[PDB]
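Heads up, the chain below is alone and in the form deposited in one PDB entry; it's given as structure tokens.
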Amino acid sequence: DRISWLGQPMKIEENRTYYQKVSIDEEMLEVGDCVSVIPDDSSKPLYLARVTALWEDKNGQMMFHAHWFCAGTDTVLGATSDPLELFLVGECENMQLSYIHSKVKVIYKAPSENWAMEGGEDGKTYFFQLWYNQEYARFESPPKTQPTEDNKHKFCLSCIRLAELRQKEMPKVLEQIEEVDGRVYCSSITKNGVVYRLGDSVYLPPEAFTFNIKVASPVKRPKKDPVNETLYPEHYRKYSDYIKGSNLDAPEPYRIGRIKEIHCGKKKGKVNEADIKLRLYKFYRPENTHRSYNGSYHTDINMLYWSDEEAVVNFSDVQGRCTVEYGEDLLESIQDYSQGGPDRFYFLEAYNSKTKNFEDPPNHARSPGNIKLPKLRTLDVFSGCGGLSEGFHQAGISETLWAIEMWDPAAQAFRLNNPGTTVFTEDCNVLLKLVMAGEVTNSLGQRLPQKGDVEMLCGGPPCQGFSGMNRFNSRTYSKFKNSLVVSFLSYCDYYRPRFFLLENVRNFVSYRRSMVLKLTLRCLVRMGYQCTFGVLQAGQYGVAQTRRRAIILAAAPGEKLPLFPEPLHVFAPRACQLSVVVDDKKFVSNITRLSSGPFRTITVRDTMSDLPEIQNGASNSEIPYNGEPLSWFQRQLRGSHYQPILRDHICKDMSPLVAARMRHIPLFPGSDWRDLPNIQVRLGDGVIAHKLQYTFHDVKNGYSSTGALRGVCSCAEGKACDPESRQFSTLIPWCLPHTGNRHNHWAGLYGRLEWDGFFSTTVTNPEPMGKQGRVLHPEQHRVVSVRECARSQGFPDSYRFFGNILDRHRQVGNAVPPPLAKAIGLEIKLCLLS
């Protein structure tokens, strides 16, 4: 009711006199106290905030600054959240004291000084541990920022964080050269923490500028002819026009300019920073020259051509800084330079767009002259053959002692690639129990890891139940494989590592209305871990495959919570849907490159083009490459050292019938079972594959052009399935027309890869009749080999697999692609520094 200032006003401003205390209804209030408020726009019952400032206005009104908390129910957590728990957020605002509903108790819960070694009345008392970022779903440690002489009156973490953020992202001119008739020339500018100078290079969107070389529009493909429905009875199911793994809609990688001039104008006597122009020399990517794509197949993805072509461009369009060097200017070798840091390109020649020839670069294209990092001791659970820890190893952040893998062939393979790790094949529940019970070793004399040994913990838990392909996920098997993530969390609790990584399939975020996700995040929060989740697309990290994977990252209290890696390669946009919705809110990762990227998309050609031809059933585990690496990608995976022998280029031996089918799948992109002819085929011995027979009306699909029926079963007519309607050994598989109408016509089954395209998600057993079925070679009539699958996953050719062909396929299919793991690992490395 009545509000009155208690005490002497501190630091009186011009329009404000700030106070540290006030009285409302006999109750005493002070800065740092917390308070309740009732919202007007609320579907949410209550608001809670800290009082940062108490000033009175010259308008006579009496004000305070509110730094809002967030209730765990308003975070990704939701109803799983602890009801007493609040999080700090970047919401704050000025408000009239009249609005305070009450004074509430809010306590800060710090991670214990012993935190690492743990994990074995009052109408209500609120608490907070972590600061929440609503946009990225990041739970991070509170800022350490402290108030001082001038701050103590208005000090607000939200305000500060906002001021720093918009200060850092706003464009500013650093150095000025000369003013002429209103135009200012600048030597130095900055935005978003990056400093740009004359002579630096810059990433622009593909649309920023064009090249003197122009691309040709010409004639689109006219219908080659009407199809013959008698011969090709299932072709009509192709009306969609969508080609799985097509690269046609893939964006171009960034344009790259070299900065020659920088200018802007003036506004109100001062330089207008909001508008800054850059004048650039354009670089050509090889595919931008007349050579186009088919002339660039063999070039380094980071090689450019210098040109004197210029363009003017807006600063605001700059996507970031990159390094471009003249090869001969290099103190080190080109490989060493390319491998030494991100955003690194080079050029040897220059491109004349007029003459279409390559020249030594002009003198002005030349540059002037014209800490041992300790590896985290890592424990890899559900290690598989080791893809994930292989990626971490390439990133130099981890040395993996202790892998746990239950499936023997995978553990063997891990061992073969990891001479220095103790690999336990036990059930992880059992092992955890053993170490919990005080055991130093296991029956085999393998030393168990103990609290303090494990710095980093990582793994993919079984994805079989979480997979959207799994019809039976509701049964006992899939559920059993589901409790394992809780087991993994138990490891995290017990060992309390500095860094935590959990990987799974994308569907892991949507499963059981996102309950799994919510519960594991809640778990990590209870433990006191900084954490976050996100979905990454492997393709954006340099393999030619669509693999969308859920990644959950946690960091111990003392650490810095890593960020998800920014995409390196462009990739087809439909295959890029990375957002997740939980409880009606949309969440995205910290990732800012939504359209383009620094490197061109890695292709199927780039992946397997060097592999010797083989037939269905090839069993030769060691055969010579006959040839050199044909691509950048192949060069990266084959190494530079003499290595004449190609391993695992074997492929499954498919039945005579399946092999005839494969033989009749056309080579063209988007080819699959729907292109099969309906014809009789002589199989092995006296076995004959008879035509498929259509004896039922399909009430949905109607009659063919010829007038034939389209049904293979009575269910086509809305009647119940009749067994004995089932036809055997037909070229066109009976079951596909059977259920096609509710399966999207089983697109991709017996499908081919295309050279210019990418692989569909590489699974544990390539099967042309499997739900993910375009496993055919772009050319040869056979399923992809183990080597080819390994390549699709970005494994080095030297990585060893163990067991029979199905075993190796499964080890490959299960793995986190090393390039993805490498990217994530580099983010972690970023945290290890500072």
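Counting begins at 1, following the sequence as shown. Rigid core: the largest C-alpha set superposing within 1.5 Å between the two forms.
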- Within the set of other compared PDB entries, does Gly341 lack a model in a third or more? no
- Does a third or more of the other compared entries skip modelling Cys159? no
- Size class of the missing deposited segment between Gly120 and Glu121: 10 or more
- Unmodelled stretch of the deposited sequence separating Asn370 from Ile371, binned as none, 1 to 3, 4 to 9 or 10 or more: 10 or more
- What stretch has the higher average Cα B-factor here, 604-612 or 505-513? 505-513
- Message: Test of understanding: from the entry's C-alpha B-factors, which stretch has the higher mean, 104-112 or 630-638?
- Response: 104-112
- The residue of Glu788, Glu767, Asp40, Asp797 with the maximal C-alpha B-factor according to the PDB record is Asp40
- Message: Quiz for you: based on the deposited Cα B-factor, which of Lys277, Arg344, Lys356, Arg548 is highest?
- Response: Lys356
- Message: Taking only the Cα B-factors deposited for this chain, tell me whether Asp225 sits in the lowest, middle or highest third.
- Response: highest
- What third of the chain, by the recorded C-alpha B-factor, contains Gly528? middle
- Message: Considering every modelled residue of the chain and its Cα B-factor in the PDB entry, is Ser671 in the lowest, middle or highest third?
- Response: lowest
- Item | Relative C-alpha B-factor of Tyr477, binned into the chain's lowest, middle or highest third | highest
- Message: How does the C-alpha B factor of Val180 compare with the rest of the chain: lowest, middle or highest third?
- Response: highest
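Only in words, not in the display: the form deposited in another entry, which the text now covers.
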- Residue among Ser333, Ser474, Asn357, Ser316 whose Cα moves 2 Å or more between this form and the one not shown, once the rigid core is superposed: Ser474
- Query: Relative to the superposed rigid core, does the CA atom of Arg496 travel 2 Å or more between this form and the one not shown?
  - Reply: no
- Message: With both forms fitted on the core, check whether the Cα of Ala403 differs by 2 Å or more between this form and the one not shown.
- Response: no
- Determine whether the C-alpha of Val763 shifts by 2 Å or more between this form and the one not shown once the rigid core is superposed. no
- Message: Knowing the shift is 3 Å or more, I'd like to know if the C-alpha atoms of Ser478 and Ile551 are closer or farther apart in the other form than in the shown chain.
- Response: farther
- Cα distance between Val604 and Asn470, which in the other form differs by 3 Å or more from this form, closer or farther: farther
